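# Pasting an experimental structure with its sequence.
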Amino acid sequence: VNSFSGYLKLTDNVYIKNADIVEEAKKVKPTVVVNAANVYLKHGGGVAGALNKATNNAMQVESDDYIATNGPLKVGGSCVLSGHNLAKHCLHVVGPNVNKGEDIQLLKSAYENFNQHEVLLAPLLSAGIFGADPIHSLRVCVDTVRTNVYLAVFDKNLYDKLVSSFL
Ligand SMILES: Cc1[nH]c2ncnc(N[C@@H]3CCCC3(C)C)c2c1C
């Protein structure tokens, strides 16, 4: 039993809710919140911009030190950093950004990072400003993640379409 509330159950391990991931993280304080990161951990917009704003830019400060030490992530890769005031940990996961020409096949690799964590709060990878079809992202999530994932979908209209079209 965990503290996630109001989710529709899609499969044995995948749950979904129309929610602002920032407000959901602040309420649940999950062990792991997933960020929709880029390889530079530049949290300017989309989910990343919103999460970073909620940490008062502390996420960005930590991220800049990480990059200065380690260099950029790989598309499809991830790193674990602090969750600041939102979660114990933040798993920064880089899905392919279609608006940069990146291979959508890397979306499966991106979701594989979730399997290293028993329970996660997460957005749909490569959705929103990353330009992929959120319906496809949900399909890849369901077919790749085996651990317990609680998906937050900001847009109510998109949430309803994802549910109604789910196979
Ligand atoms: C402030 C905020 N909180 C969120 N929580 C979850 N998902 C979000 N965006 C999704 C990602 C992919 C599709 C979408 C509807 C843009 C958000 C945003 C913008």
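Thanks, I have the structure now. Numbers count the residues shown, from 1 in each chain.
# The longest helix along the chain: which residues count as buried?
Longest helix in the chain, counting residues (DSSP state H): helix 58-70. Judged by neighbour count (16 or more other Cβ atoms under 10 Å), helix 58-70 contains these buried residues: 59, 60, 62, 63, 66. Quick note: C-beta positions are derived from backbone N, CA and C, even for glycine.
# Roughly how far does the first one sit from the ligand?
Yep, that's residue 59 we're talking about. Distance of residue 59 to the ligand, computed by Cβ to the nearest ligand atom, to the nearest Å: 14 Å.
# Quick check: closest non-adjacent residue to that residue.
residue 52 (4.4 Å; Cβ to Cβ, 6 or more residues apart in numbering).
# Next: the fourth one.
Of all residues beyond its chain neighbours, the one nearest residue 63 is residue 41 (3.7 Å), with distances taken as Cβ to Cβ, 6+ apart.
# In terms of helices and strands, where is that neighbour?
According to DSSP states H and E, residue 41 maps onto no helix or strand at all.
# Pretty sure it sits against residue 93.
No. In this structure residue 41 lies outside contact range of residue 93 using Cβ atoms under 8 Å: 11.2 Å.
# interface residues of the chain facing the ligand?
20-22, 47, 50, 123-124, 127-128, 134, 152-155, 158 (Cβ under 6 Å from any ligand atom).
# Kindly supply the PyMOL command isolating those of those residues that are buried.
Per 16+ other Cβ under 10 Å, the buried members of the residues of the chain next to the ligand correspond to this PyMOL selection:
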select buried, resi 21+22+47+50+123+124+127+128+134+152+153+154+158
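# Max pairwise distance over the residues of the chain next to the ligand: which two?
22 and 134 (18.3 Å; Cβ to Cβ).
# Run through the residues that contact residue 6.
17, 19 (Cβ atoms under 8 Å, 6 or more residues apart in numbering).
# if I look at it, how far off is the ligand?
14 Å.
# What of residue 140?
13 Å.
# what helix or strand does that residue sit in?
Counting by DSSP H and E, residue 140 is part of helix 134-144.
# Distance from that helix to the middle of the chain?
12 Å (Cα atoms, centre = their mean, to the nearest Å).
# Not counting it itself, show me its contacts.
10-11, 14, 16, 95, 104, 107-108, 111-112, 114-115, 124-128, 149, 151, 153, 158, 161-162, 165-167.
# all strands for this structure, in order.
Under the criterion DSSP state E, the chain contains strands at 8-9, 14-18, 32-36, 78-82, 89-93, 119-122, 148-153.
# most tightly surrounded among those?
strand 32-36 (a mean of 28; mean count of other Cβ atoms under 10 Å).
# count of residues packed around the residue nearest to residue 59?
25 (other Cβ atoms under 10 Å).
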